[PDB]
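Trainee: Quick mapping for you: the protein sequence lines, in order, are chains A, B, C, D and E.
For reference, each letter of the first sequence is one residue, going 3 to 243, 259 to 306 in PDB author numbering.
With PDB author numbering, the residue at position 102 of the second sequence is 102, and numbering never jumps.
Residues are numbered in PDB author numbering as their position in the third sequence, beginning at 1, plus a constant of 476.
Residues are numbered in PDB author numbering as their position in the fourth sequence, beginning at 1, plus a constant of 1028.
Residues are numbered in PDB author numbering as their position in the fifth sequence, beginning at 1, plus a constant of 1126.
Ideal Cβ positions, reconstructed from N, Cα and C, are used throughout, including at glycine.
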Amino acid sequence: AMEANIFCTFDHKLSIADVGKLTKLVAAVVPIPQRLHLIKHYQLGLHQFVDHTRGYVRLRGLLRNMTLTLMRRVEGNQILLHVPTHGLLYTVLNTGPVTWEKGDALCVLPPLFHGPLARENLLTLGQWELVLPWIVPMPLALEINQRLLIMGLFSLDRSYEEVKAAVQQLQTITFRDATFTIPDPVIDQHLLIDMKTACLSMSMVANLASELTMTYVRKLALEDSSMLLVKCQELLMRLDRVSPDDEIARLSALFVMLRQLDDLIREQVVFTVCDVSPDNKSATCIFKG
Amino acid sequence: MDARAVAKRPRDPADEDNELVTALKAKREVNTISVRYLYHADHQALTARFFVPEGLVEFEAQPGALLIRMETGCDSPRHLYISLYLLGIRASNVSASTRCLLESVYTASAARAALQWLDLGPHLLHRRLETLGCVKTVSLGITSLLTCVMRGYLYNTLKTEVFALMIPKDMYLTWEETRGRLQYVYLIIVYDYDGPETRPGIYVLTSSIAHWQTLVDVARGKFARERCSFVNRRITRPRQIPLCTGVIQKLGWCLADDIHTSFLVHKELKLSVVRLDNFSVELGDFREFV
Amino acid sequence: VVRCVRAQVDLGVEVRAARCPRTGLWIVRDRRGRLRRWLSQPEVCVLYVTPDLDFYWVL
Amino acid sequence: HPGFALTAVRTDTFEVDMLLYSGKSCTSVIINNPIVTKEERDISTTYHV
Amino acid sequence: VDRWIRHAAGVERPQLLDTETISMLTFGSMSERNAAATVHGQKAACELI
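1. Give me, in chain order, the residues of the same chain whose beta-carbon lies closer than 8 Å to that of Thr1073(D); leave out the 5 immediate sequence neighbours on both sides.
2. Which runs of the alpha helix (DSSP H) fall wholly inside the stretch 74 to 154 of chain B and span at least 4 residues, in chain order?
3. Give the interface partners of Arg178(A) over in chain B, defined as CB-CB distance under 9 Å, in chain order.
4. Going residue by residue through the stretch 26 to 80 of chain B, where are the continuous beta strand (DSSP E) segments of at least 3 residues, counting only ones entirely within it?
5. Which term fits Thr1164(E), buried or exposed, when burial requires 16 or more other beta carbons within 10 angstroms of its beta carbon?
6. Indicate whether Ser272(B) and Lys169(B) have their beta-carbon atoms separated by less than 7 Å.
7. Would you kindly work out how many angstroms separate the C-alpha atoms of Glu288(B) and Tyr106(B), rounded to a whole number?
8. CB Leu56(B) to CB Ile82(B), shorter than 7 Å?
9. Residues of chain A with CB closer than 9 Å to the CB of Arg11(B), please, in chain order.
10. Which residue from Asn297(A), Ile34(A), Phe304(A), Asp20(A) puts its Cα closest to that of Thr101(A)?
11. Give, in chain order, every residue of the stretch 1032 to 1050 of chain D whose Cβ lies closer than 9 Å to some Cβ of chain E.
12. Can you tell me which of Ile202(B), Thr198(B), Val190(B), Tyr193(B) puts its alpha carbon nearest to the alpha carbon of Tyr172(B)?
13. Residues of chain E with CB under 9 Å from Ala113(B), in chain order?
14. Closer than 7 Å, CB to CB, is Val286(A) near chain B or not?
15. Counting pairs of Cβ atoms below 8 Å between the stretch 243 to 255 of chain B and the stretch 502 to 513 of chain C, do you hit three or more?
16. Judging by CA-CA distance, which residue of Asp179(A), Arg178(A), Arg149(A) is the nearest neighbour of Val169(A)?
17. Between the stretch 227 to 237 of chain B and the stretch 263 to 278 of chain B, do three or more beta carbon pairs fall short of 8 Å?
18. Note down the Cα distance separating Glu236(A) from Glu225(A), rounded to an integer number of angstroms.
19. Just list the residues that DSSP pairs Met166(B) with in beta bridges.
20. Flag this pair as yes or no: are the beta carbons of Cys109(A) and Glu264(A) separated by less than 7 Å?
21. According to the Cβ coordinates, are residue 257(A) and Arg74(A) closer than 7 Å?
22. Tell me, please, which residues DSSP counts as bridged to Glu282(B).
23. So, at 8 Å on beta carbons, what are the nonlocal neighbours of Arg160(A) in its own chain, with the 5 sequence-adjacent residues on each side left out?
24. Please state whether DSSP places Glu268(B) in a helix, a strand or coil.
25. What is the C-beta distance between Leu80(B) and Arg69(B), in whole angstroms, given that I count them as a contact (C-beta under 8 Å)?
26. Using a 10 Å radius around the Cβ and a threshold of 16 neighbouring Cβ atoms, would you call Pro139(A) buried or exposed?
27. Kindly say whether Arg492(C), judged by its beta-carbon, lies nearer than 7 Å to any beta-carbon of chain B.
28. According to DSSP, simplified to helix, strand and coil, what is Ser1155(E)?
29. Quick one: does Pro1030(D) have its CB under 7 Å from some CB of chain B?
30. Taking all protein chains shown into account, decide if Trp117(B) is buried (16 or more other Cβ within 10 angstroms of its Cβ) or exposed.
31. Kindly list, in the order they appear in chain C, the residues whose Cβ is closer than 7 Å to that of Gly195(B).
32. Name, please, each residue of chain D whose Cβ falls closer than 9 Å to the Cβ of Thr93(A).
33. If contacts are defined as beta-carbon pairs under 8 Å, then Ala164(B) and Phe279(B) qualify, I think. What distance do you get, rounded to the angstrom?
34. Below 8 Å on the Cβ atoms is my guess for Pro200(B) versus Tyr186(B); work out the distance and round it to an integer in Å.
35. At the 7 Å Cβ level, is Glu1158(E) part of the contact set with chain B, yes or no?
36. Helix, strand or coil for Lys1052(D), going by three-state DSSP, please let me know.
Here it is in structure tokens:
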């Protein structure tokens, strides 16, 4: 009665104390780039994806299209991984910094710290550090993504002072018994290209929104047959007070700027909680993918 | 690896014995606890087990009622598992008579505290609401233990009785007279963005629509007056930020002929409900349309 | 209710009126929800009184 | 001294050790063999008796 | 006069409590924390006029 698992070996001579360090990470979430049947330890977690040049939301996008297995059992010379399926319930240990309760919708997030931490005493090797993604609830994750978006919106005029106090107001966030601090997306006074593309696509679709739909509903007003479209141009005129191939280019640009927004406009819930253990270390929850 | 283990028949759990019997029969002992048939083993539905104070367990002694938790910006009472009928005081959909009726059974402090927290937010309702499923057995404590079901059918222990989902008549809504072979159920929260009230309407739609877009285009076609009120409230008050005119989430699916009208009695306040007899819960995220 | 096209003026009329939603000013129904609709026409002018001493002269 | 008295009341809790006497065959309990229910998880399949 | 009577009574301000935690506090919540040490036990008193 063997179940569908994923075997994972090790290349480095890990000691017995490292095995005892690893067997506390039983019910921990692990991402995998490609669902094989056997896999080396160079593809176990985020340390094959971490990049200083590109931004942080690229780690979300390269975490969007993964497979999120669970460590089944730690033994000698091989590490069992159990890939989940939709519908069956599992157990996840609270590897995140924030407490869980009954019935929260859970989302997966790349870690907001890398390098030095008091809780990043993870499994180390010569060049390898197994790093786990964060499992935070849904409104907290949406809040973190929105705070990061509006903080990347102020990256151009950081030199002023009211925007500085606004940023350090924005960088702090309080949740349920968790005084929480995100890092700043501006390092050495140049933003990375991923945040630049994200907020640039946002500003692009907002600018085409301000540019096209006055003419478009002014053309649709001749084809009026209802009332829900005849006052939207009226509220447009309320707030407000070429070649057709360029117009086709504007519509196609608007739609590709829509399609370059799926990393941030939405997310899929992955887990939701049935029961939570006392002292909140682990919590049995179903899978939903 | 030979031509026999792969050519063996697949294993059925109904043939062999349990874990405990094949454990104790090897060591040759016998105890008082008869373990030859483990109950709840052939229970494919996923259960849960919550605690709830006595202020909210009215209309819950009979099994089968939608169970929604709500968010509150407090610290200790931050989540409260209120029934679907506890939302019935706050719906503008509901009539007068059952509104004064089922409020006269929701008299305790926690019920009216939930009624206060449903209107004492600067936000709207749906972002603070998450669904949990349906209750199938209560234990009658002072903080009563209750077994909610997240995904699967709703049946009694030993599967000698299939329990039912109970929804009251004014929240019930169909959108076609030619009800198909299967009709999924949906929890619809539609707002009415008027001046003096932002009190929503609650509907538990039953409809044979599966795909999302072909549901929302007829949802806009059926609630267009609410969209008119929405664009009115967006158009008369700038520096006011609205969101999520109507909110629809998937609740599950039924068998489309076992829908019969009925009534649940509790403290002899008989309330007309709609009975979905063999309904299997299947939860989904709160999708927001405009 | 006064009417200038035929000079027939109706003096005592029951009207049940209420605030309709979505910044509804006032709407004047009958005893049977008839929504009497005299004030559409150009031929009428109508005066409304309240149970209090409030007073409306409606064109 | 102001113009009123105060009749203070205070409860006092005492841990104590009862003694119960009861006659022979007061109540006659009826029991059955304990049934076992399963409860599946991925790692800890608890059993309620 | 409330500030002066809080100074004279020893109990500090109501710390400008959140408008939603008043419903918490009327639903029921433990507020007054423990002391630093207790060589007797739990305290108990009340008053009548």
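Mentor: With the given structure in hand:
1. Walking along the fourth sequence from the start, residue 1073(D) turns up at place 45. Around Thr1073(D): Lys1066, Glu1067.
2. 97 to 103, 109 to 117
3. Indexing the first sequence from 1 puts residue 178(A) at position 176. Those within 9 Å of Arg178(A) in chain B are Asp75, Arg78.
4. 50 to 53, 66 to 71
5. For the purposes of this step, residue 1164(E) is identified with residue 38 of the fifth sequence, where counting begins at 1. Classification for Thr1164(E): exposed.
6. Locating residue 272(B) in the second sequence gives position 272, counting from the first residue. Locating residue 169(B) in the second sequence gives position 169, counting from the first residue. It is a contact, given that the beta carbons lie within the stated cut-off.
7. The residue you call residue 288(B) lines up with position 288 of the second sequence. The residue you call residue 106(B) lines up with position 106 of the second sequence. Distance between the alpha carbons of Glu288(B) and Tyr106(B): 30 Å.
8. Position 56 of the second sequence holds residue 56(B). Position 82 of the second sequence holds residue 82(B). Against a cut-off of 7 Å, the Cβ pair of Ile82(B) and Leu56(B) comes out as a contact.
9. Against the second sequence, residue 11(B) aligns to sequence position 11. Those within 9 Å of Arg11(B) in chain A are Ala3.
10. By one-based count along the first sequence, residue 101(A) stands at place 99. It is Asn297(A).
11. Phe1032, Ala1033, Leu1034, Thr1035, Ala1036, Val1037, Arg1038, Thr1039, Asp1040, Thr1041
12. Reading the second sequence from its first residue, position 172 is the one you call residue 172(B). Here the closest residue by C-alpha is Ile202(B).
13. Reading the second sequence from its first residue, position 113 is the one you call residue 113(B). Per Cβ cutoff of 9 Å: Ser1149, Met1150, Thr1152, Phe1153.
14. Translated into the one-based positions of the first sequence, residue 286(A) becomes position 269. So yes, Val286(A) belongs to the interface.
15. no
16. Translated into positions along the first sequence, residue 169(A) becomes position 167. The candidate whose alpha carbon is nearest that of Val169(A) is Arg149(A).
17. no
18. As a position in the first sequence, residue 236(A) is number 234, starting the count at 1. As a position in the first sequence, residue 225(A) is number 223, starting the count at 1. Rounded to the nearest angstrom, the two C-alpha atoms are 16 Å apart.
19. For this step, residue 166(B) is matched to residue 166 along the second sequence. Answer by DSSP bridge pairing, in chain order: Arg275(B).
20. Your numbering for residue 109(A) matches position 107 in the first sequence. Your numbering for residue 264(A) matches position 247 in the first sequence. Not in contact: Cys109(A) and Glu264(A) (Cβ atoms no closer than 7 Å).
21. Coordinates for residue 257(A) are absent, as chain A skips straight from 243 to 259.
22. By 1-based counting over the second sequence, the position of residue 282(B) is 282. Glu282(B) pairs with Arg151(B).
23. Translated into positions along the first sequence, residue 160(A) becomes position 158. The residues are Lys166, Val169, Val188, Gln191.
24. Working through the second sequence from its first residue, we reach residue 268(B) at position 268. Coil at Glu268(B), not helix or strand.
25. Your numbering for residue 80(B) matches position 80 in the second sequence. Your numbering for residue 69(B) matches position 69 in the second sequence. Yes, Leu80(B) and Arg69(B) are in contact; Cβ-Cβ is about 7 Å, under 8 Å.
26. Here residue 139(A) refers to the residue found at position 137 when the first sequence is read from its first residue. Per the 10 Å Cβ criterion, buried.
27. Counting from one through the third sequence, the residue named residue 492(C) turns up at place 16. It does not; no Cβ of chain B falls within 7 Å.
28. Sequence index remark: in the fifth sequence, residue 1155(E) carries index 29 (1-based). Coil at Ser1155(E), not helix or strand.
29. Locating residue 1030(D) in the fourth sequence gives position 2, where the first residue counts as 1. No, because no Cβ of chain B sits closer than 7 Å to the Cβ of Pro1030(D).
30. Against the second sequence, residue 117(B) aligns to sequence position 117. When all chains shown are included, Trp117(B) counts as buried.
31. For the purposes of this step, residue 195(B) is taken as residue 195 along the second sequence, with counting starting at 1. Those are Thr499, listed as they occur along chain C.
32. Residue mapping note: residue 93(A) aligns to position 91 of the first sequence, counting from 1. The contacting residues are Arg1069, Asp1070, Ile1071, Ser1072.
33. Along the second sequence, one-based indexing puts residue 164(B) at 164. Along the second sequence, one-based indexing puts residue 279(B) at 279. Rounded, the Cβ-Cβ distance is 7 Å, consistent with contact.
34. Mapped onto the second sequence, residue 200(B) falls at position 200. Mapped onto the second sequence, residue 186(B) falls at position 186. The Cβ separation is near 15 Å, so there is no contact.
35. Residue mapping note: residue 1158(E) aligns to position 32 of the fifth sequence, counting from 1. Closer than 7 Å: no.
36. If you number the fourth sequence from 1, residue 1052(D) lands on position 24. DSSP places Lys1052(D) in coil when its eight states are reduced to three.
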